[PDB]
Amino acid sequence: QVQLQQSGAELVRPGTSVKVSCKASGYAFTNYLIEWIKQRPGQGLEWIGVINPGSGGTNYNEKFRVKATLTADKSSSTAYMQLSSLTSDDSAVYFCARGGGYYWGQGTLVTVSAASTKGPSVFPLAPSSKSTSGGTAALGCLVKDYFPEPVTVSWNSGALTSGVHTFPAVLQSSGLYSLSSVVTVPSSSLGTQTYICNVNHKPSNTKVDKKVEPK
């Protein structure tokens, strides 16, 4: 089974450089091309360039020729993309893909910003009579005031997935993000089942497991 494993999310200051990696497994790395793709949040796909890891040869979209440098390390089966002279225009998810686009990396989010990391507060959205109808209750968690993206939310350590809606984050007027995650459950379960939202904000090392109590 082929896998392309990309490095983790980056928060980097404007005017600096960043290097993202794409480690290949499950096939002979030097026998296939690696392509790089940019995707701004909520937007489409843009092609950056391609490298032949066996030869070192590269071709770049002219739009990225000043911005991007593609290299490959045969000994570690890893392809690299360096982005220089960073600006907020470079904030995006960057993908690697084996030639032709059957096999893709999971993406690397790059946020270019001078703002400081901040961890969120996590507040319960408690189920009440104002969130209970026809035997169904709604409850959730509000994940407020964090930077940068992303936050992940699970419920009951991943055991609860049916009826969960975790909303896209919003950027508040303060420049900090906020999101909520909700779940609908049987109202008859409110007294017998513990509901916990597991919130992770990796950039601030925030991990909160908040129990949401009926009120």
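Sequential numbering from 1, following the sequence displayed.
Annotation: residue 131 belongs to the positions left without coordinates in at least a third of the other compared entries, with flanking residues modelled. Taking the mean C-alpha B-factor of each stretch as recorded, 143 to 151 and 52 to 60 are not equal, and the higher mean is that of 52 to 60. Averaged over Cα atoms, the B-factor as recorded in the entry is higher for 111 to 119 than for the other of 111 to 119 and 93 to 101. Note on the listed residues 159, 182, 37, 179: the highest Cα temperature factor in the record is that of 159. Sorting the modelled residues of the chain by their CA temperature factor places residue 175 in the highest third. Looking at the C-alpha B-factors along this chain, the one for residue 168 belongs to the lowest third. Residue 106 sits in the lowest third of its chain by CA B factor, as recorded in the PDB entry. The PDB entry assigns residue 196 a C-alpha temperature factor belonging to the lowest third of its chain's modelled residues.
Placement of the Cα temperature factor of residue 27 within the chain: middle third of the modelled residues, per the deposited record.
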